[PDB]
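Below: one structure, written as structure tokens.
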Amino acid sequence: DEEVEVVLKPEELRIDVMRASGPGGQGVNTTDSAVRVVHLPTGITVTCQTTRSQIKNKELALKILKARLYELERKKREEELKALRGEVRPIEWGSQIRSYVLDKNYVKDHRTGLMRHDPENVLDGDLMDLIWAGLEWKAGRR
Amino acid sequence: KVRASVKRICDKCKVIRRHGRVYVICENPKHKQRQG
Amino acid sequence: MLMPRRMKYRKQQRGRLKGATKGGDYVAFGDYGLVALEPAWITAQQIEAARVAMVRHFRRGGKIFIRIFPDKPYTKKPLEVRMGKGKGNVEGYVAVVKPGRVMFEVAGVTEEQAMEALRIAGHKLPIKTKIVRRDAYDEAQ
Amino acid sequence: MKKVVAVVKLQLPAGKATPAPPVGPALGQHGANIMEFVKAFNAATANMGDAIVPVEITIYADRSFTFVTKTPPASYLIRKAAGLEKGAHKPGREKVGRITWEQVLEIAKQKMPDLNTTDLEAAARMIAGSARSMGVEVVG
Amino acid sequence: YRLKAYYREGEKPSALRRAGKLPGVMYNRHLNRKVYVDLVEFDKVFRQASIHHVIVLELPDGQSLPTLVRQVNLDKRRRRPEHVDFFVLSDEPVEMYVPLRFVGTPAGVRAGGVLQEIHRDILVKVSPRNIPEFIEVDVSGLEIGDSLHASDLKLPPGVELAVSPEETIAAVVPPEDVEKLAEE
RNA sequence: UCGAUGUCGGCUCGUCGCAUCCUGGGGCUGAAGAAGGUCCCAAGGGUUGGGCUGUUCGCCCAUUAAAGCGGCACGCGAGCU
RNA sequence: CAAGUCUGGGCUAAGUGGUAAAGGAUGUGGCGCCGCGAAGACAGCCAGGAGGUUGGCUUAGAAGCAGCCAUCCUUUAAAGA
Ligand SMILES: [Mg+2]
Ligand SMILES: [Mg+2]
Ligand SMILES: [Mg+2]
Ligand SMILES: [Mg+2]
Ligand SMILES: [Mg+2]
Ligand SMILES: [Mg+2]
Ligand SMILES: [Mg+2]
Ligand SMILES: [Mg+2]
Ligand SMILES: [Mg+2]
Ligand SMILES: [Mg+2]
Ligand SMILES: [Mg+2]
Ligand SMILES: [Mg+2]
Ligand SMILES: [Mg+2]
Ligand SMILES: [Mg+2]
Ligand SMILES: [Zn+2]
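Protein chains in written order, with UniProt numbering: chain W, 215 to 356; chain S, 2 to 37; chain F, 1 to 141; chain Z, 1 to 140; chain E, 3 to 186.
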């Protein structure tokens, strides 16, 4: 995936207009200033009372709901992708897939069990064969 | 069923006019319509 | 969208609509046309919607001719604002259409697809339409 | 084509045919068997040669049938005259084949029975419509 | 074709046209009379005819005259004709746009394409006895892109036109593929 | 209306509208039954008790056949707070 | 509520009259020009209602009836790729 678009059409939103709270005058009592944008398919509800108007407060509550969504709709593209990679990454002593040793001169594929003797040659790009075998050992257990 | 623009759907649809209102009789129910 | 690439002035007076189309009363292009029966301002969003509606209907087929162009800007003040303090900002553009104007034309399409087509295009216009053929509309000279 | 209320007309392969891939089970759904049309059937397919064999079936509900063999479909017999195997993803004016005038009368010695006309010219102008279906040119 | 015509005294234009008579005028380089020719037959005729085939104009004088219509002013709102100009003739060679048929099937109607018969009625200078009809053209060779035009056609002996010759008479253009959408 | 028309919410008392939340009829259904959905006719009568907040509006606890949306100077302070 | 339940010809069946739009419908009444009508189907009523051929391609499958392309020819009273 590559695009970045979250156009929340007001199709799943339940906006409420409650009477403003706090200071003001006759107008805060009698004008339905406060607004509550409710995201129905999720459960999240944002409110605004900063200004004295309803059309500037539901729009300011969407400039906030879009923000908190732009972090909780990307947090899932980071949590659906942190278990989608796999598991082999300890880097510790004992988690190796292939061993390259130029001392006695050989390459050991710990998956298939093969022992190639050209290490300085594998370090040039000749990988077709151990990729041939890694695509048989890997997709052979499923 | 009850809508503002009532027309004939399939070939077998017939345009009846009962009780002052425009209706639509047909073989299968889903095609019944009554203007109103 | 479907606005004009450039304009000498950004905002312009609303004006009015005295009947008669002045020009555009004959076909001169395709085989079937859609003629406007009531006067109105057609927004580019309608022109667009109507066009797509035709291509969608008879997908991969004849050619469509759009005889009008939205060159008049439409102004609209913001919400909760009082009157005055200068003219609003342009929200889009509209083409002025009067009774008798041939808005669309179609060619290289069966008379069935053509009718059905234009009948759908008229369902997107804020007014009433009429579909025509071609015959006396030959003002070549 | 025969009678109705229990029949099926298919165009079997050539050489082997017993499983289910081609139409093998479709006839069992409408009533059929495995021991009646496999080995005690390929007596004709071993003779007709290869490719496709438009032999059909007629159910009676007792393992009986009117196994009326037919002549290879005009879709295949044309791949022989021109050469191509498929025909064209979409016919029209462009096609990867060619078929001269008398090329269409070479198959006239193949398809002759139940076509409708005994003659060669009152039955070739039929396949000329089939030369605008798969595509195959008519060198002229 | 034929058609009855009457003499107009010049009285109540807008009235004589509602009562059924259609106003008009017949003229040439000599005389010019005002007349009224009922909508009924006029319509019927004018639609079959046009401004190509000659017409008769039997007045109360019998005087049947050969003529061609030059100008027909419509009514804008709600189609209807308001006037018609009759060009009298004789043996004088003059112009007139002659119908155009385009027998053929361009190669631009196999993979998407439609014929835009731009000027399907070319104007040509020629005398009365020399007034043809369906001046067909070939279309069986018009490829998708590049397309014929101008006066590069078959002008029967006597067709001394008046074009350029460049005026694109017809063209083959692509279809209207659903594949569109955009923005930005 | 500024030589005065007391302005939120709660309490009391209600009454009216239907574009109906129940209950009553009914047409479809991707209605097997049961239970659902949508739409039409129909208010006659019902529409609960708490936690939080001045709250209206809301979230929540436990129920319910349902816990309807609105008008009445967002009813009602010469009735109360 | 003063003065014609006046005279002659029409139109409407909704209480329209006695509020409203896009848009729907064999509501009525009067005009048009086109079909096709003893090669007497206008509707019911009797039988037909075909073959190459399942057109190709695409497809688990695409047999006229998912879709794209071409869209002719033959037998007859007729029957479409
Ligand atoms: Mg002009
Ligand atoms: Mg006072
Ligand atoms: Mg007072
Ligand atoms: Mg129900
Ligand atoms: Mg049930
Ligand atoms: Mg109701
Ligand atoms: Mg407590
Ligand atoms: Mg109440
Ligand atoms: Mg209020
Ligand atoms: Mg009081
Ligand atoms: Mg008090
Ligand atoms: Mg007191
Ligand atoms: Mg009296
Ligand atoms: Mg009334
Ligand atoms: Zn129906």
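Positions of the beta carbon are idealized from the N, C-alpha and C atoms, including for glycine.
Measure from the C-beta of residue i to each C-beta in chain W and report whether the shortest distance is under 8 Å.
i, result
"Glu-139(F)", "no"
So which residues of chain E does residue i contact, with C-beta pairs closer than 7 Å?
i, result
"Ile-64(F)", "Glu-178"
Compare the C-beta of residue i against all C-beta atoms of chain F and say whether one is closer than 8 Å.
i, result
"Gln-118(E)", "yes"
"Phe-48(E)", "yes"
"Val-139(E)", "no"
"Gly-106(E)", "no"
"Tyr-29(E)", "no"
"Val-74(E)", "yes"
"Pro-101(E)", "no"
"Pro-134(E)", "no"
"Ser-92(E)", "no"
"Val-175(E)", "yes"
"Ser-52(E)", "yes"
"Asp-123(E)", "yes"
"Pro-25(E)", "no"
"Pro-83(E)", "yes"
In three-state terms, what does DSSP make of residue i?
i, result
"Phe-48(E)", "helix"
"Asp-87(E)", "strand"
"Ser-313(W)", "strand"
"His-57(F)", "helix"
"residue 144(F)", "With chain F covering only 1 through 141, there is no way to say anything about residue 144(F)."
"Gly-33(F)", "strand"
"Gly-92(F)", "strand"
"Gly-26(E)", "strand"
"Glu-135(E)", "coil"
"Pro-159(E)", "coil"
"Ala-152(E)", "coil"
"residue 152(F)", "Residue coverage of chain F in this structure runs from 1 to 141, which leaves residue 152(F) outside it and unanswerable."
"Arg-35(S)", "strand"
"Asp-62(Z)", "coil"
"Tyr-284(W)", "helix"
"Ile-78(Z)", "helix"
Using a C-beta to C-beta distance shorter than 7 Å, which residues of chain F count as neighbours of residue i?
i, result
"residue 386(W)", "Beyond the ends of chain W as shown, which are 215 and 356, falls residue 386(W); an answer cannot be given."
"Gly-114(E)", "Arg-60"
Are any of the Cβ atoms in chain E nearer than 8 Å to that of residue i?
i, result
"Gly-19(F)", "yes"
"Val-55(F)", "yes"
"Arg-59(F)", "yes"
"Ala-136(F)", "yes"
"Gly-108(F)", "yes"
Got a sec: does ligand 1 put a non-hydrogen atom nearer than 7 Å to the Cβ of residue i?
i, result
"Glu-139(F)", "yes"
Applying a beta-carbon distance threshold of less than 9 Å, which residues of chain F neighbour residue i?
i, result
"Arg-79(E)", "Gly-19, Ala-20, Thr-21, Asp-25, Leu-37, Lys-98, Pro-99, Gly-100"
Examine ligand 15 and report whether any of its heavy atoms sits within less than 7 Å of the Cβ of residue i.
i, result
"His-32(S)", "yes"
"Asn-75(E)", "no"
"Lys-2(S)", "no"
"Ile-17(S)", "no"
"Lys-13(S)", "yes"
"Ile-26(S)", "no"
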